[PDB]
Amino acid sequence: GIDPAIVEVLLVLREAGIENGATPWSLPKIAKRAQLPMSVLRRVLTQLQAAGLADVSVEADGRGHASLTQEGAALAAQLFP
């Protein structure tokens, strides 16, 4: 019964953050690795950002990057052991 798009984005963001101090991935890279159209990725990130699990950082042109918050990162490690 689980939304596979939310799960896939959580998995991709967890992978992105495994190397400490790594640059957060850009939105198109997240979309590519999650195999999601950009519109779906944006929806999922809005929901994860609302939930306090992801940071979504965009500039004036609407482009940018996203990553797990400290909350999301710690939870993702447990949810997907």
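Quick note: numbers below take in every heavy atom, side chains included, and nothing from hydrogens, waters or symmetry partners. Residue numbers run from 1 in the order of the sequence given.
Counting all heavy atoms, side chain and backbone alike, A66 lies closest to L13 at O-CD2, 3.8 Å. Considering every non-hydrogen atom in both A31 and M38, the closest pair reads CB-CE, 3.7 Å. Heavy-atom minimum distance, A34 versus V9: CB-CG2, 4.3 Å. Residues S57 and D55 come closest through the heavy atom pair OG-OD1, 3.5 Å.
To the nearest 0.5 angstrom, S67 atom OG is 10.0 Å from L45 atom CG.
Annotation: side chain to side chain contact (heavy atoms under 4.5 Å, CB included) contacts of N20 (sequence neighbours excluded): none. Legend: residues meeting side chain to side chain donor-acceptor pair (under 3.5 Å) with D3, ordered by chain and number and at least two apart, are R43. The side chain to side chain contact (heavy atoms under 4.5 Å, CB included) check on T46 picks up nothing, with sequence neighbours excluded.
A heavy-atom distance below 4.5 Å is found between the side chains of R14 and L68. Side-chain contact between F80 and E15 is absent, with no heavy-atom pair separated by less than 4.5 Å.
Put simply, the side chain of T69 gets close to the backbone of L53: a donor and an acceptor are under 3.5 Å apart.
Environment of CD in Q78: crowded, with over 12 heavy atoms of neighbouring residues, nucleotides or ligands closer than 6.0 Å.
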### Task
Verify side-chain contact (heavy atoms from CB on, under 4.5 Å) between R42 and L27, making sure each step is shown before the conclusion.
CA-CA 8 Å; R42 289 190 189 270; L27 307 181; 3.5 Å; yes
